[PDB]
Structures are given as structure tokens and as C-alpha cells.
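Working through the structure, step by step
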Amino acid sequence: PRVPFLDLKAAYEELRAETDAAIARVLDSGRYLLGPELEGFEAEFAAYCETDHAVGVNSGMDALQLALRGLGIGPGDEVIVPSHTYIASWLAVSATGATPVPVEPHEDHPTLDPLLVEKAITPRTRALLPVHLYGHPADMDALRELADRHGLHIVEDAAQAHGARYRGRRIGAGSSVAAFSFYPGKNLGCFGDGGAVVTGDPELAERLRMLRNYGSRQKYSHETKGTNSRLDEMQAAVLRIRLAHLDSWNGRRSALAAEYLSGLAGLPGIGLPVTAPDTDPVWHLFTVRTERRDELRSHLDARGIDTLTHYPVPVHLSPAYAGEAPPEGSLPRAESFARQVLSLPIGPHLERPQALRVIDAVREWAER
Amino acid sequence: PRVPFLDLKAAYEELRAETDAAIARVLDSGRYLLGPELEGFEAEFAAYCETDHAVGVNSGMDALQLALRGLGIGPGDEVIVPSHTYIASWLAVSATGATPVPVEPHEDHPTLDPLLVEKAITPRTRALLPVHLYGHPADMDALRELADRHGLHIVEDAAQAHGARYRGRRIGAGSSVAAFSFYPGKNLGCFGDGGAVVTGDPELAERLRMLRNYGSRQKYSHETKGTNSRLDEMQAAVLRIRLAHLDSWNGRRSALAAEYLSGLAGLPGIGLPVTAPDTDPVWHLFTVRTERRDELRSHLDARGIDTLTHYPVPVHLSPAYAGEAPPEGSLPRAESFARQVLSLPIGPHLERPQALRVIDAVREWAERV
Ligand SMILES: [Cl-]
Ligand SMILES: [Cl-]
Ligand SMILES: [Cl-]
Ligand SMILES: [Cl-]
Ligand code: NA
């Protein structure tokens, strides 16, 4: 019996009946798109995030893209993005025609270094795109201070941070503009692709409802250009159930995280995640860093432990960004991260003893 | 009990059991994206379409857009579109960075007029985007010829034409490049958004699989830029079932169509839809034309009949484009269709009697009026 990285089936199994019923409900409704499930989810998700509006879309990527779009970002604009993140973050900027400008993470936290952000700002800069990587919130007060002083917008990539808190407030609260993914493996996931943009701005909320719907807010009418990026009634129905358990599931993750942080303490060659001050991380991913990453991975594999790497290739070095990003060596932080990082099993369906088993193996290796 | 325009619920009911099971299987599989269902559906669909490959995506708009992108179409490029079509057709083009260039349909056929294309070809023209509107195929032979002569690609908008035939061939057959929508209300629909691109080109197929998946064909690798545009396992499973009944269901629409054509014969003010020669329409929509359609619709409503208009505003006149399209009065065909069309209830769940009822009301209005 192996230790799985993240059991999707178990999420279904835990709420089988409720899940089956919601789906059955949608089926019987004869309403599959832009229905009451979506409205209910949005309402519920908005309140959860301590904000006014939730606009369900098709995926975390569109969420980011439509948010930037709705904020008027496009060609000739620069959007500061993190050098250390998942490629989609950059892709969403690219998709709008705007230019992504990478900024290195903090020396101790996998998020955007505020000090380094300021330096990257230019007259073409229009927005900051911090990513609350692995469920860890970036230094929002600092970034906001900067944004205000430079007249920039802030679109948050909260795809790995559902429910997290920064200085006691939910990610996406108030005047925030935050994008989320409901991809099956996310903290809050469904059985297909899904996403959302949360915002406290009524005009932005309106544009998003339009942009995700062929630029229309009335049948047969198309006021602006737009696309097809919606969250199905089926998925939304399921989301409503998961949402009700979100805090509890994240709680489970935190508990597991405490174990790892405690059991992995003081190990040679094992760099542990640092929780930023006044933050409540959601541990979408539990990451460790070591110079002998490949070795540790194999050892874990040998010990029957499933792992993933987030991410083996720094965005700037992916062929997808060939000829457009800084040269290797020019983003050493992202580079070192990519080569040292490993994700340990974590989830709301992973049990204490399983986590302890993982600790045994990492320990053995570190002590090897 | 009114006559519904298109009962989605009935589609579920008719296959309730199998449908239920398909979904249950997926839930239980623990695999929700890029799985067996998608692979199976793709296989089945490509075959159905008489082609080699099917690339399932999120929507018909994405399908169109990804096809164009895959063909290298973009900024600085022009794509000839029909002046009479659903806005998404132009939107797909815009989304790539290219420019949609409208060309009129035939006078009495809701498809791109091959004779007016050439005149719109420019040095930036990279493709033709014919639309098999309402389930009626556009004149493919003439279009390919023209396209071949100009070194242009052809991306067909087949969102309303699943299973139709052109000169005996399925829409999307062989070397075609055709995009479909699986939106709930389409001829082949699911319980959410869904789409697909079919092609006999192995390279384009590979590009599309990548474009729809963040430019990746392997974990951790992103060879090229890409996006997120996938057809869910749940939706794909349902679609395999529906696909199996497609021909059957389309057959029902054809019979109703024949019923309408027959009963609405001899109504001078009511323009009836024309079936081009050598085509096998799938009648996604049964459209009649008449000046005074708003009145007719009123009449039908009163008579308890639901109807729709596809479409009331021609694309060039929507605010989304107006700033960049030809002026009002310069696209008389698109304009005339927009002002005269009316869609009568049609679908695999509409019965002969209900349709008779529709005919009676139409006849009465025409007779009064
Ligand atoms: Cl619907
Ligand atoms: Cl419309
Ligand atoms: Cl999955
Ligand atoms: Cl990756
Ligand atoms: Na979807």
C-alpha cells in the first residue's frame, strides 16, 4: 500500500450521497448553464471570500485572463509576474497581448519579493500578478502599497489558496481581484475544469459576466466582444457541497502540515516551508527543498511514497517562452527552486500515520 | 401546454438510465479530465465524421479559435466570414488576433456565397470560415476550389451541422477542418459547454491536443504556448451515448422539417427554407422568413407556441463590431435575414401533432395577415 499524492476519489467518496444528489438534481432541472446552481455557488463563494461578487468561469486560466482583460490590460502593457510559479500565470498575461515581467521570490517565501517588485515597475506597468503559491499568501500589504503608489492594478492568482487568510482576511476579500481554479486537484475542486474571479468592483463584475458570455448580458445582444468561459450547473452544484467543507478540509491539511514541520525539523539537507507572519496558509502543496532532489524522490518512490514536483522547469526556461524571457542564470532564485523543490503527499484524505510514514522515509534519507 | 422551442429535458429522459450510468461510471473512475471517455468519444466522433482525428475542447468557439491558431492564423491575417451567422463565428477569428472579413450569403440560402468571396480576398487573407448554418451545408466544392486557387485554408463552422452530408459526405469528412459545439441546445449536446475539432491532418491534430492543454503532451513539459480548453470526462461519456442516437434524432428533425415544408406550402408571405441540391441538412433550426416576423411571433406566442429568432441583429451591426464592420445598408442579405427570420419549434422531442399545431397557427396568421 503506497502513499498517494492526492486521492481524488476519496473526495467523492466522502460526500458520495450528497454529490450524487446534487448532480441528479441538476440533471432533472433541464437547466445546465447559467442557472441557479451557478448563482448559488457564486453567492456562496463570494461570501466565503469576504467579498461582493463571484464570477464563475471555465478555468483558473480564463479567470486570470478575463480579470486582466476586464481591467483593460493588453498589448503594450506590462504585468509583473513571479519568476517562480506555474506557467499558466504567465500564459494568462500572454493571452491578453500584454507583456509579463518576471519578479523573483522572497528569500524565505515562495512568493513575489515586494522589494524586487518595485524595481521591475516601469511606465508600461499596469498590474501586479502575485501568486499565493502552494497556499501561501504573498505580502499583500506591501504589494498593495506599491500598487497604489504606482497606480497599478492587482490581480491575484489564488488558484492554490482557496480559504487562506492574510492578516485575518480571506484571500479575495473586499477590494481584491482574485482568480481561482476549481480544477479537480485544487483545494476546492470539481469533476471537470472550473474557475472564478472574485471582486468587490461592481463594474468589473459586470464586464466579467459579459466577457465570459460572448460579451452579452441579454440574449441576442452583444455589447462588447467576448468569449465562452463558463462554469456548468453540474460542476457548480458539486462545488457548493465542497465549499461547505472547505474550511474543514483545509484544517486537515494544516494538521498534516504541522506534523511535517515538526517531524522534518533539523534534518540535514531538508529545507522546510516558512509560514509568513500573520498568514493562514492552506497548504495546497507541502514543499521541501534539497540539493539532492532527484535522489530523495527516488528514495521516496522506493519507499512506496508518491510525489510530484512543482515545478521542475522554471517558466523562463520553458520552450514555451523561448526568445522572450531572461537568460538562464538571470533568475537564480526561480532556477534553484526548480531544481530543489519536491512536493510531499498532503490532502484532506491523507491520514496521520501515512504522513508519519512519509516522515520516516524522508528522515531515513536525510540521515543516509 | 405550450409548444416548447427545444426540450432539453426530454433528451435526458429518453436515455435517462444509460445517461445516469455513464455519469456514475465517471464519478467512480476517479479520472475527470483527459481520460478514457474523452479518448473513446473522440474516436467515435472522428469515425462518425468520416475523418481521422477528433480533438475535444471546451466549446465551439474554442474549437474554431484553436483550429485557426493551429493553422498559424493570427495578427495581420484576415479571415473571410459570412455576414449572416452567429457572432461567435467572427469572435473566434478576433480571438486569434486576425480580422474577420464578411462576405454575404446566398440570397435564399443561409450559407456563404461562393461567388462573392474572391472579391474579398486580399493579401492578408489566410482562410475562409464557411458556416453550415441551421444545419444546411455551404457549397464546399466551390469553396475548396476557390480556397485552393488562393492558397487559403478552410475552417468550417459546423456547430449547427453534426451529421449533415454534403454530396453524400459527412460534414467534417476526410481533409476537412471542422469545428463543432456540444452546447446543450445543439444537435449533439451534453450537460455543459463542450466542443471539438475534427481533421484528417495528423500534425494539426497533434498541435490542437497541445494547444488545448497548456501546450503540453507530457507532464512538466510546455513545448509551446497553449491554453485550457478541454471536454470533461463526464460530458464526453454522455456524448458517446448521444452520438449513438444522432442519426436517429436528426432523422426526427428531418421528418418534422418535411412536415413543415408541406403544411406551410402556398403561403406567399412566408419564405420557406431551401435545401440545396446534393445536401442532407440536419435541421438544427427550422427557419422561415417574413417581413412582419415580430407580429407573427406575437401571434404564435398567443397561440401558446414558443419561437426564437436566429438572429435578430446581423453581426456587423452589433455593438461588439459596429466600429469595425461595414455600415448598415451595405450588407443587404445579412440585414434582410436578420429582419425576417423566425425559427419554428423543432427537435428530436417534438411530435407531429405539436408541429401541426404550429402550422395551423402560422397558416391562420398568414391568412389573417
Ligand atoms: Cl441550459
Ligand atoms: Cl445573437
Ligand atoms: Cl482528473
Ligand atoms: Cl509544469
Ligand atoms: Na468546462
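Within each chain the first residue of the written sequence is number 1 and the count goes on from 1 in that order, possibly differing from the entry; residues lacking coordinates are omitted. Chains and ligands are labelled sequentially in the order written, the chains with letters from A and the ligands with numbers from 1. To obtain the side-chain values, all non-hydrogen atoms of the structure were included, while hydrogens and water were left out.

Structure determination for this entry is recorded as X-ray crystallography, at 2.05 Å resolution.

Moving on, we get to the overall build of chain B. In terms of helices and strands, chain B carries 13 helices and 13 strands. In terms of C-alpha radius of gyration, chain B reaches 20 Å, essentially the compact-globule figure of 21 Å for 369 residues. Principal-axis analysis of the C-alpha atoms gives chain B an extent of 70 × 55 × 35 Å. Each residue is placed in one exposure class: buried if its accessible area under a 1.4 Å probe, protein chains only, is under 20% of its type's maximum, exposed if it is over 50%, and partly exposed if it falls in between. Across the 369 residues in chain B, those meeting the buried criterion constitute 62%. Of the roughly 13,400 Å² that chain B leaves accessible, carbon and sulfur atoms contribute 50%. Across chain B, 38 positive and 49 negative side-chain charges occur, with their mean positions spaced 2 Å apart. Labels follow the DSSP assignment, with helices taken as runs of H or I lasting at least four residues and strands as runs of E lasting at least two, numbered in each case from the N terminus. Here the globule rule reads 2.2 Å times residues to the power 0.38, and the radius of gyration is calculated from C-alpha atoms. A 1.4 Å probe and the Shrake-Rupley method give the accessible areas. Residues count as covered only by the protein chains that appear here. For the purpose of counting charges, residues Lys and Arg are taken to be positive, whereas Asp and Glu are taken to be negative. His and the chain ends are not included. To locate a charge, take NZ of a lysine, CZ of an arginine, CG of an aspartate or CD of a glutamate.

What follows concerns the interface of chain B and chain A. Contacts are assigned to residue pairs with any non-hydrogen atoms lying within 4.5 Å of each other. Tallying the contact residues gives 48 residues for chain B and 47 residues for chain A. Interface of chain B and chain A: buried area, both sides summed, is about 4,200 Å²; carbon and sulfur atoms make up 59% of it. For the chain B face of the interface with chain A, the top three residues by lost area are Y32, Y220 and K225 of chain B, together amounting to 16%. When a carboxyl oxygen of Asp or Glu is within 4 Å of a side-chain nitrogen of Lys or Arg, the pair counts as a salt bridge. Where chain B packs against chain A, one counts 8 salt bridges. Residue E324 of chain B is joined to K225 of chain A by a salt bridge in which the shortest nitrogen-to-oxygen separation is 2.7 Å. Whenever two N or O atoms come within 3.5 Å, that pair is a polar contact, provided that in protein one can donate a hydrogen and the other can accept it, and provided that, for residues adjacent in sequence, both atoms are side-chain atoms. Counting across the chain B and chain A interface gives 18 residue pairs in polar contact. Looking at the side of chain B that touches chain A, the elements that each hand over two or more residues are α1 (8-14), α2 (16-29), α5 (88-96), α9 (233-263) and α11 (319-322) of chain B. The greatest single-element share of the side of chain B that touches chain A, amounting to 5 residues, is contributed by α2 of chain B. Once two parts are joined, some of their accessible surface, as seen by a 1.4 Å probe, is lost; buried area is that loss totalled over both.

Further remarks concern the environment of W365 of chain A. Residues and elements named next belong to chain A. Counting through the fold element by element, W365 comes out in helix α12 (residues 352-366). The spatial distance from the C-alpha of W365 to the C-alpha of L344 is 14 Å, given a sequence separation of 21 residues. Those residues in contact with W365 that sit more than four places away from it in its chain are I270, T290, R292, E295, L296 and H299.

Residue and element names in this part refer to chain B. Strand pairing follows a simple DSSP-based rule, namely that at least 2 bridges must link the two strands. Ordered by their spatial adjacency, 3 strands build an open sheet running β8-β7-β11, and the pairing between neighbours is antiparallel. Only two strands of the sheet have a single neighbouring strand rather than two, namely β8 (169-170) and β11 (279-280). Bridge count between strand β7 (residues 165-166) and β8: 2 bridges; the pairing is antiparallel. Bridging across to β8, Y166 finds its partner in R169.

As a further point, take the domain arrangement of chain A. Residue and element names in this part refer to chain A. Domain segmentation is taken from an automatic or database assignment of domains. Domain boundaries in chain A define domain 1 (1-103 + 110-245) and domain 2 (246-368). Here the C-alpha centroids of domain 1 and domain 2 sit 24 Å apart. Tallying the contact residues gives 46 residues for domain 1 and 49 residues for domain 2. Together, the buried faces of domain 1 and domain 2 total about 4,000 Å²; carbon and sulfur atoms form 58% of this surface. The interface formed by domain 1 and domain 2 includes 6 salt bridges. Note that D301 and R2 form a salt bridge whose closest N and O atoms lie 3.1 Å from each other. For the pair domain 1 and domain 2, the number of links is 32 residue pairs in polar contact. Secondary-structure elements contributing two or more residues to the side of domain 1 that touches domain 2 are α1 (8-14), α5 (88-95), β3 (99-103), β7 (165-166) and α9 (233-263). For the side of domain 1 that touches domain 2, the leading source of residues is α9, giving 4 residues. Looking at side-chain class alone, the side of domain 1 that touches domain 2 contains 25 nonpolar, 12 polar and 9 charged residues. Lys, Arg, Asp and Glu make up the charged group, whereas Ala, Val, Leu, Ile, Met, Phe, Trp, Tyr, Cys and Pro make up the nonpolar group; the residues left over, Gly among them, are polar.

Residues and elements named next belong to chain A. A sheet is described by the order of its strands in space; here 4 strands give the open sequence β1-β10-β9-β6, paired in mixed fashion. Each of the sheet's edge strands pairs with one partner strand only, and the pair in question is β1 (53-57) and β6 (156-157). Where β6 meets strand β9 (residues 177-181), 2 bridges bridge the pair, whose relative direction is parallel. The partner of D157 across the bridge, within β9, is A179.

Keep in mind that water is not among the atoms, so a site may look incomplete; donors are the N, O and S atoms within 2.8 Å of the metal, or 3.2 Å for Na, K and Ca. Within the protein, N58 of chain A (OD1) and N58 of chain B (OD1) serve as the donor atoms for the sodium ion (ligand 5), at 2.5 to 2.7 Å. Residue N58 of chain A is located in the loop between β1 and α4 (60-70), and its partner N58 of chain B is located in the loop between β1 (53-57) and α4 (60-70); the two belong to separate chains.

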